[PDB]
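Working notes for the structure below.
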Amino acid sequence: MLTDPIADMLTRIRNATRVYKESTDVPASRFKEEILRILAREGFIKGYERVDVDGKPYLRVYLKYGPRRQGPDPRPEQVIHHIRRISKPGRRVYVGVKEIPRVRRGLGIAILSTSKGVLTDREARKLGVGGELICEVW
Amino acid sequence: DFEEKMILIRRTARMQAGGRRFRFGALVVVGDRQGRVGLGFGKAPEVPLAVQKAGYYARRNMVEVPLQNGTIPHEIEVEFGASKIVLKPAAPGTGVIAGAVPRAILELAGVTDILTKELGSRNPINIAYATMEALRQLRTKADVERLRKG
Amino acid sequence: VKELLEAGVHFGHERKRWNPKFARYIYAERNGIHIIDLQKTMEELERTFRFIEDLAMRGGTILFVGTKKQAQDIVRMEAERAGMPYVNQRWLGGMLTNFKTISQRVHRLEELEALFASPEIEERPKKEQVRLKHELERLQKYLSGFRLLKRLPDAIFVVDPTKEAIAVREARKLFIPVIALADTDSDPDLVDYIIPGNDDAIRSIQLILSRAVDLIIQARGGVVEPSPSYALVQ
Amino acid sequence: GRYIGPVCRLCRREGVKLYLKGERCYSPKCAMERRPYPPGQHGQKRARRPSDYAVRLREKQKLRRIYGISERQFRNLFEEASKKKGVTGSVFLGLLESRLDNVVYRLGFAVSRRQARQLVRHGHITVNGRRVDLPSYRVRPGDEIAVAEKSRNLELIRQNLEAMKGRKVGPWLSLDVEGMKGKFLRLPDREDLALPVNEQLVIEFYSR
RNA sequence: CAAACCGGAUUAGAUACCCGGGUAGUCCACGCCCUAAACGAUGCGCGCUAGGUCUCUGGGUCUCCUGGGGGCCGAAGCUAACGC
RNA sequence: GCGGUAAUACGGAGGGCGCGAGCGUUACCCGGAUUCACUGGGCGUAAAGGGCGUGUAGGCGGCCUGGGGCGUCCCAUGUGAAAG
Ligand SMILES: [Mg+2]
Ligand SMILES: [Mg+2]
Ligand SMILES: [Mg+2]
Ligand SMILES: [Mg+2]
Ligand SMILES: [Mg+2]
Ligand SMILES: [Mg+2]
Ligand SMILES: [Mg+2]
Ligand SMILES: [Mg+2]
Ligand SMILES: [Mg+2]
Ligand SMILES: [Mg+2]
Ligand SMILES: [Mg+2]
Ligand SMILES: [Mg+2]
Ligand SMILES: [Mg+2]
Ligand SMILES: [Mg+2]
Ligand SMILES: [Mg+2]
Ligand SMILES: [Mg+2]
Ligand SMILES: [Mg+2]
Ligand SMILES: [Mg+2]
Ligand SMILES: [Mg+2]
Ligand SMILES: [Mg+2]
Ligand SMILES: [Mg+2]
Ligand SMILES: [Mg+2]
Ligand SMILES: [Mg+2]
Ligand SMILES: [Mg+2]
Ligand SMILES: [Mg+2]
Ligand SMILES: [Mg+2]
Ligand SMILES: [Mg+2]
Ligand SMILES: [Mg+2]
Ligand SMILES: [Mg+2]
Ligand SMILES: [Zn+2]
């Protein structure tokens, strides 16, 4: 049993990107889904999809990297350089609309669950809500 | 053209039968003060030789720094080995509030307002190497746009 | 120029000493041996030859490296067949990155190529005419085809990118485009322009490297008949 | 004035002419001309790479000795300019340059600041026509700095405004040579001041 | 077999190493003691991230696939380095 | 860390540096010290994995739906004296 499934996904992703996979399966959940939707909108992932690895439902996430580079070590630049869980179980982290993080001076997002749904830092600022700071990505 | 600062010089020692044999290391930054700097480590037999050689090495491995009004696009921390530099951007007037090693580097790139913290070990050689890897990693809103774009 | 849906020798080599990065170009494991995707050999072959073409059109030179004995001759002929440097014997560390120094080993060769003429090569000690005719034949040994380079190359043609994998590194660091004849036991990523095929049995190293120069001198105006070793490969 | 003591030894130590005495510092007689090395025994020995720290120190002293302010007086001015809203380097100068003692100097009532510090403590100077006998009084803009009606002709101030006939006074000050009035129009801008000092360095020193 | 011990040697000395003896103990039952370089000096659990190869033990269409376990070399990566 | 007969480290002198009606010393508090680390650290060899298990309280808890709305978030409002 996975202790935190949001973090297992944020990670699965991070591990995949770091070896430049094409895509990767994370087991399905509306919430995980709700998050990836945002990753797509902001362009951190090409897309997601509801594949079905042997009977049980997964989310094929498709990754997006940079172009090839010149020099020793061509490996392209990650589009997701950094993706970290802010609120973890046994240390939940809620912020009010007044103290929602400015991530990398905004060259990056923070994803927070609110009573108005899963939103980005700029999305919650407009709507005027806080919630549970789930992760920053930049 | 390029200015050179020379962050540190040192005198290392090797062991020989009867006596120990010396040499000199020289860390040097070069910069144009409008967005280009390079860090050079130059080791050699005589001081001024290794200073000179360090300068040359420093003109390879330049970094293009994205100065946004004398400062940084975002903030990074970098850990280089056991050292850790922390760069934080600042509004005009702030000046370079930084160590001696990263001031030298930052100043020659053109950064004229920045916040800075040296963390972890303080070995100047590594702190410099990290400051540089920091500048190397700065993206800007424009580069990030290119990356995400589909 | 292609030799299309054709596999005279092209395909699979190497057993299970592969590199899984090379797994996109593998068709199957036909009885203990990977088989290179016949299509993707041709698919890369198109893009890469277009580079090799366009670069020779602009006049620049291509450095042929081939140290392994299976191609240790195909290299020298096809590279003499064009105006290109070849490295045939062994790859000297620094030939690329320490060019300015590995160069002035040529300024001793050319200086000793002619130095066999002077009236005082029979005068001045006979015990010193011995290390200055054997040295000469050592410089002719290694720097055989390296003398042609007067400045860094624009691209570099490596047979086994894994055997002469220092030359792949050296180019890389100096930003010189790496072309290669890569095969199963090699990192596809380190090759800018790959020809996924084979680097043994001589047949495949001739078919590819011959066609290589066919497109070169085609772009050098000339356009000649086969001048190589189509039979001189047994 | 304040400090009190050989002054041109300071001109000499900072390696720049500081003009801490009006006349003569335009003659071929300021020591910096044909004696420009540091003072004392080891004046003429060659130098060593002054530390980062060393540089910031002298650069401060250079500024601070130019105005003849103390240092607890100077530090307070910089500390205020620090807290103050706006760019702290340039603002600092503005505060220094707003001191009555120096404003009197600038308007050429006195030939130098040391002398201007006297003219003030001795009440020859009016601000808005009321005697201000405080060299560190802060002249806000609009204020009108005059020579005191019943001072208006000492051998010194006569001869001193005599030279002010036909000389130009800073963009940020208007002066009247006749009635010996003069005005502070605006806090001088950094560019206006042609100060032989990198005020930035000074900021580094105080943040050690 | 052997702490202590009793002798013989060795040594400048020899409360030792070497030699000949030798009690407790080492053995068994029952009851205590609770320590350790009790070591992989590496808490337990779950997920993810190239491969090669040797070996123990299952299964299937058994040239090969697929489990569980024990080694080695190594991708990315980590590490102050060693190394993992 | 200086001093063992050529001391810019002791004592005086000339000279210089820094503050200046003050300048030093001692004492104490926070800082630098991410050196008790929430922000913000560690435990193979630097100090640090419990000798191993079984399990109590406690902490933590897969996928889907619905109720409540305790945490969480939002709006309005009252309070937050003076001095600082
Ligand atoms: Mg670390
Ligand atoms: Mg430390
Ligand atoms: Mg091979
Ligand atoms: Mg015995
Ligand atoms: Mg016995
Ligand atoms: Mg017992
Ligand atoms: Mg116990
Ligand atoms: Mg695990
Ligand atoms: Mg069997
Ligand atoms: Mg196994
Ligand atoms: Mg075992
Ligand atoms: Mg590695
Ligand atoms: Mg660690
Ligand atoms: Mg290593
Ligand atoms: Mg003496
Ligand atoms: Mg002595
Ligand atoms: Mg002394
Ligand atoms: Mg002392
Ligand atoms: Mg603290
Ligand atoms: Mg620690
Ligand atoms: Mg220990
Ligand atoms: Mg243990
Ligand atoms: Mg223990
Ligand atoms: Mg329980
Ligand atoms: Mg739950
Ligand atoms: Mg519960
Ligand atoms: Mg509900
Ligand atoms: Mg509630
Ligand atoms: Mg109050
Ligand atoms: Zn003077």
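In the structure tokens, each chain is lettered A, B, ... as it comes, each chain's residues begin at 1, and ligands are numbered from 1 in order of appearance.
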At a cut-off of 9 Å around ligand 29, and using only C-alpha atoms (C1' of nucleotides) and all ligand atoms, what residues come up? Please write them as a ChimeraX atom specification.
/F:80-84
Written selection (N, CA and C atoms (P, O5', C5', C4', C3', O3' and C1' of nucleotides)) as a PDB file, in the first residue's frame:
ATOM      1  P     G F  80     -10.349  46.828  21.458  1.00  0.00           P
ATOM      2  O5'   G F  80      -8.952  46.151  21.134  1.00  0.00           O
ATOM      3  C5'   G F  80      -8.420  45.146  21.986  1.00  0.00           C
ATOM      4  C4'   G F  80      -7.218  44.490  21.364  1.00  0.00           C
ATOM      5  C3'   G F  80      -6.192  45.460  20.811  1.00  0.00           C
ATOM      6  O3'   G F  80      -5.288  45.872  21.817  1.00  0.00           O
ATOM      7  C1'   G F  80      -6.708  43.835  19.173  1.00  0.00           C
ATOM      8  P     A F  81      -4.745  47.377  21.866  1.00  0.00           P
ATOM      9  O5'   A F  81      -5.843  48.157  22.721  1.00  0.00           O
ATOM     10  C5'   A F  81      -6.739  49.069  22.104  1.00  0.00           C
ATOM     11  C4'   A F  81      -6.951  50.299  22.950  1.00  0.00           C
ATOM     12  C3'   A F  81      -5.811  51.301  22.970  1.00  0.00           C
ATOM     13  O3'   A F  81      -5.873  52.187  21.872  1.00  0.00           O
ATOM     14  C1'   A F  81      -6.554  50.885  25.181  1.00  0.00           C
ATOM     15  P     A F  82      -4.528  52.702  21.162  1.00  0.00           P
ATOM     16  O5'   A F  82      -3.786  53.514  22.311  1.00  0.00           O
ATOM     17  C5'   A F  82      -4.217  54.820  22.663  1.00  0.00           C
ATOM     18  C4'   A F  82      -3.558  55.294  23.929  1.00  0.00           C
ATOM     19  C3'   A F  82      -2.071  55.561  23.825  1.00  0.00           C
ATOM     20  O3'   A F  82      -1.756  56.818  23.247  1.00  0.00           O
ATOM     21  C1'   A F  82      -2.496  54.246  25.730  1.00  0.00           C
ATOM     22  P     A F  83      -0.810  56.846  21.951  1.00  0.00           P
ATOM     23  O5'   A F  83       0.639  56.568  22.536  1.00  0.00           O
ATOM     24  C5'   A F  83       1.238  57.441  23.480  1.00  0.00           C
ATOM     25  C4'   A F  83       2.264  56.702  24.298  1.00  0.00           C
ATOM     26  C3'   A F  83       3.456  56.167  23.536  1.00  0.00           C
ATOM     27  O3'   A F  83       4.415  57.154  23.260  1.00  0.00           O
ATOM     28  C1'   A F  83       2.642  54.489  24.966  1.00  0.00           C
ATOM     29  P     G F  84       4.957  57.279  21.763  1.00  0.00           P
ATOM     30  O5'   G F  84       5.749  55.925  21.538  1.00  0.00           O
ATOM     31  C5'   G F  84       6.916  55.646  22.285  1.00  0.00           C
ATOM     32  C4'   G F  84       7.288  54.201  22.164  1.00  0.00           C
ATOM     33  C3'   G F  84       7.610  53.725  20.774  1.00  0.00           C
ATOM     34  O3'   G F  84       8.900  54.109  20.363  1.00  0.00           O
ATOM     35  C1'   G F  84       6.188  52.184  21.789  1.00  0.00           C
TER      36        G F  84
END
Identify, counting only C-alpha atoms (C1' of nucleotides) and all ligand atoms, the protein, DNA and RNA residues located within 9 Å of ligand 12, and give them as a ChimeraX atom specification.
/E:75-77
Write the residues of the selection above to a file with C-alpha atoms (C1' of nucleotides), as a PDB file, in the first residue's frame.
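Once everything was written out, this is out-v9.pdb:
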ATOM      1  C1'   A E  75      22.888   3.166 -16.942  1.00  0.00           C
ATOM      2  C1'   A E  76      21.044   7.274 -14.739  1.00  0.00           C
ATOM      3  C1'   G E  77      21.772   9.106 -10.092  1.00  0.00           C
TER       4        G E  77
END
Residues of chain F that have any atom at most 9 Å from an atom of ligand 20: could you tabulate them with the shortest-distance atom pair and the distance in Å to one decimal, using only C-alpha atoms (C1' of nucleotides) and all ligand atoms, ordered by chain and increasing number, as JSON lines?
{"residue": "F:35", "atom": "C1'", "partner": "ligand 20", "partner_atom_place_in_ligand_line": "1 (Mg)", "distance": 8.1}
{"residue": "F:37", "atom": "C1'", "partner": "ligand 20", "partner_atom_place_in_ligand_line": "1 (Mg)", "distance": 9.0}
{"residue": "F:41", "atom": "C1'", "partner": "ligand 20", "partner_atom_place_in_ligand_line": "1 (Mg)", "distance": 5.0}
{"residue": "F:42", "atom": "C1'", "partner": "ligand 20", "partner_atom_place_in_ligand_line": "1 (Mg)", "distance": 4.9}
Just-selected residues, N, CA and C atoms (P, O5', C5', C4', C3', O3' and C1' of nucleotides) written as a PDB file, in the first residue's frame:
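Below is the file selection_13.pdb, written as the result:
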ATOM      1  P     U F  35      25.491  24.860  10.488  1.00  0.00           P
ATOM      2  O5'   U F  35      25.591  24.345  11.978  1.00  0.00           O
ATOM      3  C5'   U F  35      24.453  23.724  12.537  1.00  0.00           C
ATOM      4  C4'   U F  35      24.523  23.666  14.024  1.00  0.00           C
ATOM      5  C3'   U F  35      23.854  24.826  14.753  1.00  0.00           C
ATOM      6  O3'   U F  35      23.266  24.314  15.936  1.00  0.00           O
ATOM      7  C1'   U F  35      26.077  24.631  15.433  1.00  0.00           C
ATOM      8  P     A F  37      16.113  24.693  16.054  1.00  0.00           P
ATOM      9  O5'   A F  37      16.709  24.225  14.651  1.00  0.00           O
ATOM     10  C5'   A F  37      16.123  24.700  13.458  1.00  0.00           C
ATOM     11  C4'   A F  37      16.308  23.774  12.281  1.00  0.00           C
ATOM     12  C3'   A F  37      15.803  22.365  12.433  1.00  0.00           C
ATOM     13  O3'   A F  37      14.420  22.381  12.166  1.00  0.00           O
ATOM     14  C1'   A F  37      17.868  22.463  11.201  1.00  0.00           C
ATOM     15  P     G F  41      16.412  20.518   6.512  1.00  0.00           P
ATOM     16  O5'   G F  41      17.889  19.985   6.836  1.00  0.00           O
ATOM     17  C5'   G F  41      19.040  20.822   6.734  1.00  0.00           C
ATOM     18  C4'   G F  41      20.286  20.182   7.325  1.00  0.00           C
ATOM     19  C3'   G F  41      20.475  18.693   7.083  1.00  0.00           C
ATOM     20  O3'   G F  41      21.039  18.453   5.805  1.00  0.00           O
ATOM     21  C1'   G F  41      21.006  19.223   9.347  1.00  0.00           C
ATOM     22  P     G F  42      21.108  16.977   5.157  1.00  0.00           P
ATOM     23  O5'   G F  42      22.096  16.200   6.112  1.00  0.00           O
ATOM     24  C5'   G F  42      21.754  14.938   6.651  1.00  0.00           C
ATOM     25  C4'   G F  42      22.660  14.613   7.808  1.00  0.00           C
ATOM     26  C3'   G F  42      22.815  13.140   8.122  1.00  0.00           C
ATOM     27  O3'   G F  42      23.823  12.566   7.309  1.00  0.00           O
ATOM     28  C1'   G F  42      22.300  14.304  10.090  1.00  0.00           C
TER      29        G F  42
END
Find the spatial neighbours of region 194-211 of chain C, counting only C-alpha atoms (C1' of nucleotides), within a cut-off of 6 Å - ignore same-chain residues fewer than 6 positions away - and output them as a PyMOL selection string.
chain C and resi 9-11+13+41+45+70+179-183
Residues of chain A no more than 9 Å from chain C, counting only C-alpha atoms: send them over as a PDB file with C-alpha atoms, in the first residue's frame.
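Contents of result.pdb, as written:
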ATOM      1  CA  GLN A  70      25.533  20.331 -28.576  1.00  0.00           C
ATOM      2  CA  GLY A  71      28.539  19.556 -26.447  1.00  0.00           C
ATOM      3  CA  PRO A  72      29.611  16.528 -24.428  1.00  0.00           C
ATOM      4  CA  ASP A  73      26.297  15.119 -23.093  1.00  0.00           C
ATOM      5  CA  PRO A  74      23.514  16.035 -25.621  1.00  0.00           C
ATOM      6  CA  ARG A  75      20.588  14.958 -23.333  1.00  0.00           C
TER       7      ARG A  75
END
So that each row is one residue of chain F with an atom at most 12 Å from ligand 24, can you give its shortest atom pair and the distance in Å to one decimal, using only C-alpha atoms (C1' of nucleotides) and all ligand atoms, rows by chain and rising number, as JSON lines?
{"residue": "F:55", "atom": "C1'", "partner": "ligand 24", "partner_atom_place_in_ligand_line": "1 (Mg)", "distance": 9.4}
{"residue": "F:56", "atom": "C1'", "partner": "ligand 24", "partner_atom_place_in_ligand_line": "1 (Mg)", "distance": 8.0}
{"residue": "F:57", "atom": "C1'", "partner": "ligand 24", "partner_atom_place_in_ligand_line": "1 (Mg)", "distance": 7.7}
{"residue": "F:58", "atom": "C1'", "partner": "ligand 24", "partner_atom_place_in_ligand_line": "1 (Mg)", "distance": 7.5}
{"residue": "F:59", "atom": "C1'", "partner": "ligand 24", "partner_atom_place_in_ligand_line": "1 (Mg)", "distance": 9.0}
{"residue": "F:60", "atom": "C1'", "partner": "ligand 24", "partner_atom_place_in_ligand_line": "1 (Mg)", "distance": 10.0}
{"residue": "F:61", "atom": "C1'", "partner": "ligand 24", "partner_atom_place_in_ligand_line": "1 (Mg)", "distance": 11.5}
Considering only C-alpha atoms, tabulate each residue of chain B that lies at most 10 Å from chain D along with its nearest interatomic pair and the corresponding distance in Å to one decimal; arrange the rows by chain and ascending residue number and present them as CSV.
residue,atom,partner,partner_atom,distance
B:91,CA,D:87,CA,9.7
B:92,CA,D:87,CA,7.1
B:93,CA,D:87,CA,4.8
B:94,CA,D:87,CA,8.0
B:95,CA,D:200,CA,8.0
B:96,CA,D:204,CA,8.4
B:97,CA,D:204,CA,8.0
B:98,CA,D:204,CA,9.8
B:100,CA,D:52,CA,8.2
Using the selection just defined, write its residues with N, CA, C and O atoms as a PDB file, in the first residue's frame.
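Result saved to part27.pdb:
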ATOM      1  N   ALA B  91      15.459  44.335  -5.862  1.00  0.00           N
ATOM      2  CA  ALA B  91      15.117  45.548  -6.578  1.00  0.00           C
ATOM      3  C   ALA B  91      16.214  46.587  -6.405  1.00  0.00           C
ATOM      4  O   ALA B  91      16.888  46.610  -5.377  1.00  0.00           O
ATOM      5  N   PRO B  92      16.407  47.435  -7.430  1.00  0.00           N
ATOM      6  CA  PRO B  92      17.397  48.509  -7.522  1.00  0.00           C
ATOM      7  C   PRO B  92      17.705  49.216  -6.222  1.00  0.00           C
ATOM      8  O   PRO B  92      16.810  49.542  -5.448  1.00  0.00           O
ATOM      9  N   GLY B  93      18.989  49.445  -5.996  1.00  0.00           N
ATOM     10  CA  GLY B  93      19.447  50.045  -4.766  1.00  0.00           C
ATOM     11  C   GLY B  93      20.051  49.009  -3.845  1.00  0.00           C
ATOM     12  O   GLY B  93      20.997  49.298  -3.111  1.00  0.00           O
ATOM     13  N   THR B  94      19.515  47.795  -3.897  1.00  0.00           N
ATOM     14  CA  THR B  94      19.900  46.743  -2.964  1.00  0.00           C
ATOM     15  C   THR B  94      21.401  46.462  -2.953  1.00  0.00           C
ATOM     16  O   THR B  94      21.987  46.184  -1.895  1.00  0.00           O
ATOM     17  N   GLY B  95      22.013  46.544  -4.133  1.00  0.00           N
ATOM     18  CA  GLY B  95      23.432  46.279  -4.292  1.00  0.00           C
ATOM     19  C   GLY B  95      23.735  44.798  -4.220  1.00  0.00           C
ATOM     20  O   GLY B  95      22.853  43.980  -3.961  1.00  0.00           O
ATOM     21  N   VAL B  96      24.985  44.432  -4.453  1.00  0.00           N
ATOM     22  CA  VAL B  96      25.325  43.026  -4.350  1.00  0.00           C
ATOM     23  C   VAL B  96      25.590  42.687  -2.883  1.00  0.00           C
ATOM     24  O   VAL B  96      26.652  42.993  -2.333  1.00  0.00           O
ATOM     25  N   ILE B  97      24.610  42.082  -2.229  1.00  0.00           N
ATOM     26  CA  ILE B  97      24.817  41.648  -0.862  1.00  0.00           C
ATOM     27  C   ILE B  97      25.266  40.191  -0.838  1.00  0.00           C
ATOM     28  O   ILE B  97      24.454  39.267  -0.807  1.00  0.00           O
ATOM     29  N   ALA B  98      26.574  39.987  -0.870  1.00  0.00           N
ATOM     30  CA  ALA B  98      27.086  38.667  -1.157  1.00  0.00           C
ATOM     31  C   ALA B  98      28.469  38.474  -0.570  1.00  0.00           C
ATOM     32  O   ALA B  98      29.115  39.446  -0.153  1.00  0.00           O
ATOM     33  N   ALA B 100      32.573  37.166  -0.671  1.00  0.00           N
ATOM     34  CA  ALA B 100      33.633  37.788  -1.457  1.00  0.00           C
ATOM     35  C   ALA B 100      33.765  37.059  -2.786  1.00  0.00           C
ATOM     36  O   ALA B 100      33.897  37.687  -3.850  1.00  0.00           O
TER      37      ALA B 100
END
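In this structure, CA of residue 15 (chain B) sits 21.7 Å away from CA of residue 49 (chain B).
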Close residues, residue 109 (chain C) itself excluded, 9 Å, only C-alpha atoms (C1' of nucleotides), min 5 positions apart in chain, as a list in words:
residues 104, 114, 135, 136, 139, 140, 143 and 147 of chain C
Dump the neighbourhood of ligand 4 as a VMD selection string: all residues within 12 Å, distances computed on only C-alpha atoms (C1' of nucleotides) and all ligand atoms.
chain E and resid 1 to 3 5 to 8 17 to 22
Give me, as a PyMOL selection string, the residues of chain E touching chain C, with the criterion being at most 9 Å (counting only C-alpha atoms (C1' of nucleotides)).
chain E and resi 50-52+63
For ligand 11, which residue among E:73, E:56, E:62, E:4 is the nearest when counting only C-alpha atoms (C1' of nucleotides) and all ligand atoms?
E:56
Using only C-alpha atoms (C1' of nucleotides), which residues sit within 6 Å of residue 12 (chain D) once same-chain residues fewer than 2 positions away are excluded, as an mmCIF file with N, CA, C and O atoms, in the first residue's frame?
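That gives us around.cif:
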data_model
loop_
_atom_site.group_PDB
_atom_site.id
_atom_site.type_symbol
_atom_site.label_atom_id
_atom_site.label_comp_id
_atom_site.auth_asym_id
_atom_site.auth_seq_id
_atom_site.Cartn_x
_atom_site.Cartn_y
_atom_site.Cartn_z
ATOM 1 N N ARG D 9 47.360 66.342 4.521
ATOM 2 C CA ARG D 9 47.783 64.953 4.738
ATOM 3 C C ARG D 9 46.654 63.958 4.404
ATOM 4 O O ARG D 9 46.907 62.774 4.125
ATOM 5 N N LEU D 10 45.414 64.445 4.436
ATOM 6 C CA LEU D 10 44.268 63.642 4.044
ATOM 7 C C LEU D 10 44.145 63.631 2.525
ATOM 8 O O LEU D 10 43.988 62.552 1.946
ATOM 9 N N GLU D 14 44.214 59.913 0.577
ATOM 10 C CA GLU D 14 43.189 59.395 -0.325
ATOM 11 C C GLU D 14 43.631 59.439 -1.772
ATOM 12 O O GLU D 14 42.904 58.979 -2.651
ATOM 13 N N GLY D 15 44.816 59.997 -2.016
ATOM 14 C CA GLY D 15 45.407 60.024 -3.346
ATOM 15 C C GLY D 15 44.658 60.900 -4.339
ATOM 16 O O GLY D 15 45.021 60.960 -5.512
ATOM 17 N N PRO D 36 52.337 63.780 -4.342
ATOM 18 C CA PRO D 36 51.019 63.150 -4.239
ATOM 19 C C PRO D 36 50.972 61.796 -3.514
ATOM 20 O O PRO D 36 49.958 61.098 -3.608
ATOM 21 N N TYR D 37 52.022 61.417 -2.800
ATOM 22 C CA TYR D 37 52.009 60.120 -2.126
ATOM 23 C C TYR D 37 51.429 60.227 -0.722
ATOM 24 O O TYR D 37 51.259 61.325 -0.197
ATOM 25 N N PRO D 38 51.095 59.083 -0.114
ATOM 26 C CA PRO D 38 50.651 59.087 1.284
ATOM 27 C C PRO D 38 51.661 59.770 2.211
ATOM 28 O O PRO D 38 52.826 59.932 1.841
#
Within 12 Å of chain A: residues of chain F, using only C-alpha atoms (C1' of nucleotides), as a list in words
residues 38, 59, 60, 61, 62, 63, 64, 69, 71, 72, 73, 74 and 75 of chain F
Residue nearest chain B among E:25, E:64, E:81, E:12 (counting only C-alpha atoms (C1' of nucleotides))
E:81
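Set the cut-off at 10 Å, count only C-alpha atoms (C1' of nucleotides), and the residues of chain F near chain D turn out to be residues 14, 15, 16, 19 and 20 of chain F.
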Within 7 Å of chain A, which residues belong to chain B? Use only C-alpha atoms and report them as a count of residues only.
7
